[PDB]
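What follows is the content of structure-v5.txt, which has compact mmCIF, N, CA and C atoms:
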```txt
# COMPACT_ATOMS: atom_id res chain seq x y z
N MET A 1 6.14 -11.03 -7.69
CA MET A 1 5.33 -11.80 -6.76
C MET A 1 3.85 -11.46 -6.92
N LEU A 2 3.38 -10.58 -6.04
CA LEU A 2 1.99 -10.14 -6.09
C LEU A 2 1.89 -8.88 -6.95
N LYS A 3 0.68 -8.35 -7.03
CA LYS A 3 0.46 -7.08 -7.70
C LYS A 3 -0.34 -6.16 -6.78
N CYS A 4 0.13 -4.93 -6.66
CA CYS A 4 -0.58 -3.92 -5.89
C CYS A 4 -0.80 -2.70 -6.78
N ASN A 5 -1.56 -1.75 -6.25
CA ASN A 5 -2.01 -0.62 -7.04
C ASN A 5 -1.07 0.56 -6.83
N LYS A 6 -0.81 1.27 -7.92
CA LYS A 6 -0.13 2.56 -7.82
C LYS A 6 -1.07 3.58 -7.18
N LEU A 7 -0.55 4.79 -7.01
CA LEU A 7 -1.39 5.92 -6.65
C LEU A 7 -2.53 6.04 -7.67
N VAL A 8 -2.20 5.75 -8.92
CA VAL A 8 -3.22 5.59 -9.95
C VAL A 8 -3.81 4.18 -9.87
N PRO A 9 -5.15 4.13 -9.64
CA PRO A 9 -5.79 2.90 -9.23
C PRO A 9 -6.03 1.98 -10.43
N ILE A 10 -5.72 2.50 -11.61
CA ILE A 10 -5.92 1.76 -12.84
C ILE A 10 -4.57 1.32 -13.40
N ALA A 11 -3.57 1.32 -12.52
CA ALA A 11 -2.26 0.80 -12.88
C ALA A 11 -1.64 0.14 -11.65
N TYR A 12 -1.05 -1.03 -11.88
CA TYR A 12 -0.50 -1.82 -10.79
C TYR A 12 1.02 -1.95 -10.93
N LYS A 13 1.65 -2.28 -9.81
CA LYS A 13 3.06 -2.64 -9.83
C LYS A 13 3.22 -4.09 -9.38
N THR A 14 4.20 -4.75 -9.97
CA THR A 14 4.60 -6.07 -9.51
C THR A 14 5.52 -5.96 -8.29
N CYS A 15 5.18 -6.71 -7.26
CA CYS A 15 5.90 -6.63 -6.00
C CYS A 15 7.28 -7.24 -6.19
N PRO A 16 8.26 -6.72 -5.40
CA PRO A 16 9.60 -7.28 -5.40
C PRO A 16 9.63 -8.66 -4.75
N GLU A 17 10.64 -9.44 -5.13
CA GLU A 17 10.78 -10.78 -4.59
C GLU A 17 10.84 -10.75 -3.07
N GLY A 18 10.04 -11.60 -2.45
CA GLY A 18 10.03 -11.71 -1.00
C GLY A 18 8.90 -10.88 -0.40
N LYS A 19 8.40 -9.94 -1.19
CA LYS A 19 7.27 -9.13 -0.77
C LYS A 19 5.98 -9.75 -1.31
N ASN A 20 4.91 -9.57 -0.54
CA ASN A 20 3.67 -10.27 -0.81
C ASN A 20 2.50 -9.29 -0.69
N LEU A 21 2.49 -8.56 0.42
CA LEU A 21 1.30 -7.84 0.83
C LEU A 21 1.24 -6.49 0.12
N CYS A 22 0.03 -5.96 0.02
CA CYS A 22 -0.16 -4.65 -0.59
C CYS A 22 -0.49 -3.65 0.52
N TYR A 23 0.24 -2.54 0.51
CA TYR A 23 0.08 -1.53 1.54
C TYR A 23 -0.30 -0.18 0.92
N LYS A 24 -1.01 0.61 1.71
CA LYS A 24 -1.31 1.98 1.32
C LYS A 24 -1.00 2.92 2.49
N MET A 25 -0.59 4.13 2.15
CA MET A 25 -0.20 5.10 3.15
C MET A 25 -1.19 6.26 3.21
N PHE A 26 -1.50 6.67 4.44
CA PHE A 26 -2.29 7.87 4.65
C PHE A 26 -1.48 8.93 5.39
N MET A 27 -2.02 10.15 5.38
CA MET A 27 -1.57 11.16 6.31
C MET A 27 -2.69 11.56 7.28
N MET A 28 -2.29 11.83 8.52
CA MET A 28 -3.26 12.05 9.58
C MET A 28 -4.34 13.03 9.14
N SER A 29 -3.94 13.95 8.27
CA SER A 29 -4.90 14.82 7.61
C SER A 29 -5.86 13.99 6.76
N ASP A 30 -5.36 13.56 5.61
CA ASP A 30 -6.19 12.87 4.64
C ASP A 30 -6.24 11.38 4.99
N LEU A 31 -7.12 11.05 5.93
CA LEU A 31 -7.36 9.66 6.27
C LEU A 31 -8.27 9.03 5.22
N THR A 32 -8.94 9.90 4.47
CA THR A 32 -9.97 9.44 3.54
C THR A 32 -9.33 8.76 2.33
N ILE A 33 -8.29 9.39 1.81
CA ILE A 33 -7.66 8.92 0.59
C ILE A 33 -6.16 8.73 0.83
N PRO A 34 -5.68 7.49 0.54
CA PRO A 34 -4.27 7.18 0.69
C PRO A 34 -3.44 7.87 -0.39
N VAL A 35 -2.16 8.03 -0.10
CA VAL A 35 -1.33 8.96 -0.84
C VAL A 35 -0.23 8.20 -1.58
N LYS A 36 0.05 7.00 -1.08
CA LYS A 36 1.04 6.14 -1.69
C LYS A 36 0.65 4.68 -1.49
N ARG A 37 0.96 3.87 -2.49
CA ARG A 37 0.64 2.46 -2.44
C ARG A 37 1.73 1.64 -3.14
N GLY A 38 1.98 0.46 -2.58
CA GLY A 38 3.04 -0.39 -3.09
C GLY A 38 2.98 -1.79 -2.45
N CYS A 39 4.06 -2.53 -2.63
CA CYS A 39 4.14 -3.88 -2.08
C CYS A 39 5.09 -3.85 -0.88
N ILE A 40 4.89 -4.80 0.01
CA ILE A 40 5.84 -5.03 1.09
C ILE A 40 5.64 -6.44 1.65
N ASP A 41 6.66 -6.90 2.36
CA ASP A 41 6.62 -8.24 2.93
C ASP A 41 5.99 -8.18 4.33
N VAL A 42 6.48 -7.24 5.12
CA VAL A 42 5.99 -7.08 6.48
C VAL A 42 5.28 -5.73 6.61
N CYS A 43 4.07 -5.78 7.14
CA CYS A 43 3.22 -4.60 7.19
C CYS A 43 3.82 -3.64 8.22
N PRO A 44 4.11 -2.40 7.73
CA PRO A 44 4.71 -1.38 8.58
C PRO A 44 3.72 -0.89 9.63
N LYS A 45 4.21 -0.72 10.85
CA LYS A 45 3.38 -0.27 11.95
C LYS A 45 3.01 1.20 11.73
N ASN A 46 1.90 1.59 12.34
CA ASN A 46 1.36 2.92 12.12
C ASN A 46 2.23 3.95 12.84
N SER A 47 2.40 5.09 12.19
CA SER A 47 3.17 6.18 12.78
C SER A 47 2.24 7.33 13.16
N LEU A 48 2.83 8.35 13.77
CA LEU A 48 2.05 9.48 14.25
C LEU A 48 1.67 10.37 13.07
N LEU A 49 2.47 10.28 12.02
CA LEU A 49 2.32 11.17 10.88
C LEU A 49 1.49 10.49 9.80
N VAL A 50 1.88 9.26 9.49
CA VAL A 50 1.25 8.53 8.40
C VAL A 50 0.73 7.19 8.93
N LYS A 51 -0.39 6.76 8.36
CA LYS A 51 -0.99 5.50 8.75
C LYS A 51 -0.75 4.47 7.65
N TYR A 52 -0.57 3.22 8.07
CA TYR A 52 -0.30 2.15 7.13
C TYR A 52 -1.42 1.10 7.16
N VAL A 53 -1.93 0.80 5.97
CA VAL A 53 -2.90 -0.27 5.83
C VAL A 53 -2.39 -1.28 4.79
N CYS A 54 -2.42 -2.55 5.18
CA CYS A 54 -1.96 -3.60 4.30
C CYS A 54 -3.11 -4.58 4.07
N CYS A 55 -2.99 -5.35 3.00
CA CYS A 55 -3.98 -6.37 2.69
C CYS A 55 -3.33 -7.41 1.78
N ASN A 56 -3.79 -8.65 1.92
CA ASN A 56 -3.02 -9.79 1.46
C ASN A 56 -3.63 -10.33 0.16
N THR A 57 -4.17 -9.41 -0.62
CA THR A 57 -4.70 -9.76 -1.93
C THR A 57 -4.25 -8.75 -2.98
N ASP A 58 -4.52 -9.08 -4.23
CA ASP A 58 -3.98 -8.32 -5.35
C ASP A 58 -4.84 -7.07 -5.56
N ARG A 59 -4.15 -5.96 -5.81
CA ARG A 59 -4.83 -4.73 -6.18
C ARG A 59 -5.92 -4.39 -5.15
N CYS A 60 -5.63 -4.72 -3.90
CA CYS A 60 -6.59 -4.51 -2.83
C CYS A 60 -6.44 -3.07 -2.32
N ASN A 61 -5.23 -2.56 -2.43
CA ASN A 61 -4.93 -1.23 -1.94
C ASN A 61 -5.03 -0.23 -3.10
```
As structure tokens, what does this structure read like?
Amino acid sequence: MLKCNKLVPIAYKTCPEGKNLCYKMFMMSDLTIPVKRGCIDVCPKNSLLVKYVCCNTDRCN
């Protein structure tokens, strides 16, 4: 489907069928730099431990 960025920002993954959006994960510690990135269909709500940011364009995360 779409393409989002790996942890390595110079390499992307193709999203699975049905998934569209690109998400990145933070930890409450390192809010500055996200720790994991991938594709998803529905943007996961923020947790107490890790924060989720999604965006609806390619290689945005």
Measuring between only N, CA and C atoms, which one of A:8, A:28, A:14, A:22 shows the shortest distance to residue 47 in chain A?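 Nearest to residue 47 in chain A: A:28.
Candidate residues A:42, A:33, A:54, A:48 were compared for distance to residue 4 in chain A, and the nearest is A:54, using only C-alpha atoms.
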Measure the distance from CA of residue 11 in chain A to CA of residue 29 in chain A in Å and round it to one decimal.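 Pair CA of residue 11 in chain A / CA of residue 29 in chain A returns 25.0 Å.
Between atom N of residue 12 in chain A and CA of residue 26 in chain A the separation is 18.8 Å.
With only N, CA and C atoms as the atoms that count, the minimum distance from residue 56 in chain A to the choices A:27, A:20, A:39, A:34 is reached by A:20.
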Enclosing box along x, y and z for every listed atom of range 17-32 of chain A, padded 4 Å each side, centre and size in Å, one decimal, as JSON:
```
{"center_x": 0.4, "center_y": 1.6, "center_z": 2.2, "size_x": 28.8, "size_y": 34.5, "size_z": 22.7}
```
Can you pull out every residue within 10 Å of residue 9 in chain A, counting only C-alpha atoms, but drop anything in the same chain fewer than 4 positions away, and send it as an mmCIF file with N, CA and C atoms, keeping the file's coordinate frame?
```
data_model
loop_
_atom_site.group_PDB
_atom_site.id
_atom_site.type_symbol
_atom_site.label_atom_id
_atom_site.label_comp_id
_atom_site.auth_asym_id
_atom_site.auth_seq_id
_atom_site.Cartn_x
_atom_site.Cartn_y
_atom_site.Cartn_z
ATOM 1 N N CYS A 4 0.130 -4.930 -6.660
ATOM 2 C CA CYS A 4 -0.580 -3.920 -5.890
ATOM 3 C C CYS A 4 -0.800 -2.700 -6.780
ATOM 4 N N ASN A 5 -1.560 -1.750 -6.250
ATOM 5 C CA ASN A 5 -2.010 -0.620 -7.040
ATOM 6 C C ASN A 5 -1.070 0.560 -6.830
ATOM 7 N N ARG A 37 0.960 3.870 -2.490
ATOM 8 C CA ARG A 37 0.640 2.460 -2.440
ATOM 9 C C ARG A 37 1.730 1.640 -3.140
ATOM 10 N N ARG A 59 -4.150 -5.960 -5.810
ATOM 11 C CA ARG A 59 -4.830 -4.730 -6.180
ATOM 12 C C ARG A 59 -5.920 -4.390 -5.150
ATOM 13 N N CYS A 60 -5.630 -4.720 -3.900
ATOM 14 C CA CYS A 60 -6.590 -4.510 -2.830
ATOM 15 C C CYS A 60 -6.440 -3.070 -2.320
ATOM 16 N N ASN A 61 -5.230 -2.560 -2.430
ATOM 17 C CA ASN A 61 -4.930 -1.230 -1.940
ATOM 18 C C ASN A 61 -5.030 -0.230 -3.100
#
```
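Here the question is which of A:45, A:40, A:53, A:58 gets nearest to residue 21 in chain A using all atoms listed in the file, and that residue is A:40.
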Write down as number ranges by chain the residues of chain A whose backbone DSSP state falls under strand (DSSP E). A: 3-5, 12-14, 21-27, 36-40, 50-55
Which value, in Å to one decimal, gives the distance between CA of residue 55 in chain A and CA of residue 32 in chain A? 16.9 Å
From the set A:50, A:18, A:13, A:6, which residue has the shortest atom-to-atom contact distance to residue 36 in chain A, counting only N, CA and C atoms?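 Of A:50, A:18, A:13, A:6, the one nearest residue 36 in chain A, counting only N, CA and C atoms, is A:6.
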Given all atoms listed in the file as the counted atoms, nearest of A:35, A:49, A:43, A:1 to residue 16 in chain A: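 Looking only at the distances to residue 16 in chain A, the closest residue turns out to be A:1.
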Export: range 17-59 of chain A, N, CA and C atoms, as a CSV table (one decimal), in the first residue's frame:
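What follows is the written file part-v7.csv:
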```
chain,number,residue,atom,x,y,z
A,17,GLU,N,-1.4,-4.8,3.3
A,17,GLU,CA,-2.7,-4.5,2.7
A,17,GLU,C,-3.7,-4.1,3.8
A,18,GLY,N,-4.4,-3.0,3.5
A,18,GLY,CA,-5.4,-2.5,4.4
A,18,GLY,C,-4.8,-1.4,5.4
A,19,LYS,N,-3.5,-1.4,5.4
A,19,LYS,CA,-2.8,-0.3,6.2
A,19,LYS,C,-2.4,0.8,5.3
A,20,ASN,N,-2.4,2.0,5.8
A,20,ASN,CA,-2.3,3.2,5.0
A,20,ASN,C,-1.3,4.1,5.7
A,21,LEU,N,-1.5,4.4,7.0
A,21,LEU,CA,-0.9,5.5,7.7
A,21,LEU,C,0.5,5.0,8.2
A,22,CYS,N,1.4,6.0,8.4
A,22,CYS,CA,2.7,5.8,8.9
A,22,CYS,C,2.8,6.2,10.3
A,23,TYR,N,3.2,5.4,11.2
A,23,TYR,CA,3.3,5.7,12.6
A,23,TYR,C,4.7,5.6,13.1
A,24,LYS,N,5.0,6.3,14.2
A,24,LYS,CA,6.3,6.2,14.9
A,24,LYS,C,6.0,6.1,16.4
A,25,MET,N,6.9,5.4,17.1
A,25,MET,CA,6.7,5.2,18.5
A,25,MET,C,7.8,5.9,19.3
A,26,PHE,N,7.4,6.5,20.4
A,26,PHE,CA,8.4,7.1,21.3
A,26,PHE,C,8.3,6.4,22.7
A,27,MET,N,9.3,6.7,23.5
A,27,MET,CA,9.2,6.4,24.9
A,27,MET,C,9.2,7.7,25.8
A,28,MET,N,8.5,7.6,26.8
A,28,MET,CA,8.3,8.8,27.6
A,28,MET,C,9.6,9.5,27.9
A,29,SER,N,10.6,8.7,28.0
A,29,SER,CA,12.0,9.2,28.1
A,29,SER,C,12.3,10.0,26.9
A,30,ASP,N,12.6,9.2,25.8
A,30,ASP,CA,13.1,9.8,24.6
A,30,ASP,C,11.9,10.2,23.7
A,31,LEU,N,11.4,11.4,24.0
A,31,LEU,CA,10.3,12.0,23.3
A,31,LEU,C,10.9,12.6,22.0
A,32,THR,N,12.2,12.8,22.0
A,32,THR,CA,12.9,13.6,21.0
A,32,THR,C,13.0,12.7,19.7
A,33,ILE,N,13.4,11.5,19.9
A,33,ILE,CA,13.7,10.6,18.8
A,33,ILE,C,12.8,9.3,19.0
A,34,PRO,N,12.0,9.0,17.9
A,34,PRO,CA,11.2,7.8,17.9
A,34,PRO,C,12.1,6.5,17.8
A,35,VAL,N,11.5,5.4,18.2
A,35,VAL,CA,12.3,4.2,18.5
A,35,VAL,C,11.9,3.1,17.5
A,36,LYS,N,10.7,3.2,17.0
A,36,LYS,CA,10.2,2.3,16.1
A,36,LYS,C,9.2,3.0,15.1
A,37,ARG,N,9.2,2.5,13.9
A,37,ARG,CA,8.3,3.1,12.8
A,37,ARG,C,7.9,2.0,11.9
A,38,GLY,N,6.6,2.2,11.4
A,38,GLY,CA,6.0,1.2,10.6
A,38,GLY,C,4.7,1.7,10.0
A,39,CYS,N,3.9,0.8,9.4
A,39,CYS,CA,2.6,1.2,8.8
A,39,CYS,C,1.5,0.7,9.8
A,40,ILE,N,0.4,1.3,9.7
A,40,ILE,CA,-0.8,0.8,10.3
A,40,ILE,C,-2.1,1.5,9.7
A,41,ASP,N,-3.2,0.8,9.9
A,41,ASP,CA,-4.4,1.3,9.3
A,41,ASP,C,-5.1,2.3,10.3
A,42,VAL,N,-5.2,2.0,11.5
A,42,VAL,CA,-5.8,2.8,12.5
A,42,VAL,C,-4.7,3.3,13.5
A,43,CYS,N,-4.6,4.6,13.7
A,43,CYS,CA,-3.6,5.2,14.5
A,43,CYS,C,-3.8,4.8,16.0
A,44,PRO,N,-2.8,4.1,16.6
A,44,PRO,CA,-2.9,3.6,18.0
A,44,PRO,C,-2.9,4.8,18.9
A,45,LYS,N,-3.8,4.7,19.9
A,45,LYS,CA,-3.9,5.8,20.9
A,45,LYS,C,-2.6,5.8,21.8
A,46,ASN,N,-2.3,6.9,22.4
A,46,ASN,CA,-1.1,7.1,23.2
A,46,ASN,C,-1.2,6.3,24.5
A,47,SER,N,-0.1,5.7,24.9
A,47,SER,CA,-0.1,5.0,26.2
A,47,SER,C,0.8,5.8,27.2
A,48,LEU,N,0.9,5.3,28.4
A,48,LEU,CA,1.6,5.9,29.5
A,48,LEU,C,3.1,5.7,29.3
A,49,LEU,N,3.4,4.7,28.5
A,49,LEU,CA,4.8,4.3,28.4
A,49,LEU,C,5.4,4.8,27.1
A,50,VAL,N,4.6,4.6,26.0
A,50,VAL,CA,5.1,4.9,24.7
A,50,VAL,C,4.0,5.8,24.0
A,51,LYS,N,4.5,6.8,23.2
A,51,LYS,CA,3.6,7.7,22.5
A,51,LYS,C,3.6,7.3,21.0
A,52,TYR,N,2.4,7.5,20.5
A,52,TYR,CA,2.2,7.1,19.1
A,52,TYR,C,1.9,8.4,18.2
A,53,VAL,N,2.7,8.5,17.1
A,53,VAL,CA,2.4,9.6,16.2
A,53,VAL,C,2.2,9.0,14.8
A,54,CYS,N,1.2,9.4,14.1
A,54,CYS,CA,0.9,8.8,12.8
A,54,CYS,C,0.8,10.0,11.8
A,55,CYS,N,0.9,9.7,10.6
A,55,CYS,CA,0.8,10.7,9.5
A,55,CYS,C,0.5,10.0,8.2
A,56,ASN,N,-0.3,10.7,7.4
A,56,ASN,CA,-1.0,10.0,6.3
A,56,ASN,C,-0.3,10.3,5.0
A,57,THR,N,1.0,10.4,5.0
A,57,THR,CA,1.8,10.5,3.8
A,57,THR,C,3.0,9.5,3.9
A,58,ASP,N,3.7,9.4,2.8
A,58,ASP,CA,4.8,8.4,2.6
A,58,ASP,C,6.0,8.9,3.3
A,59,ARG,N,6.7,8.0,4.0
A,59,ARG,CA,8.0,8.3,4.6
A,59,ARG,C,7.9,9.6,5.4
```
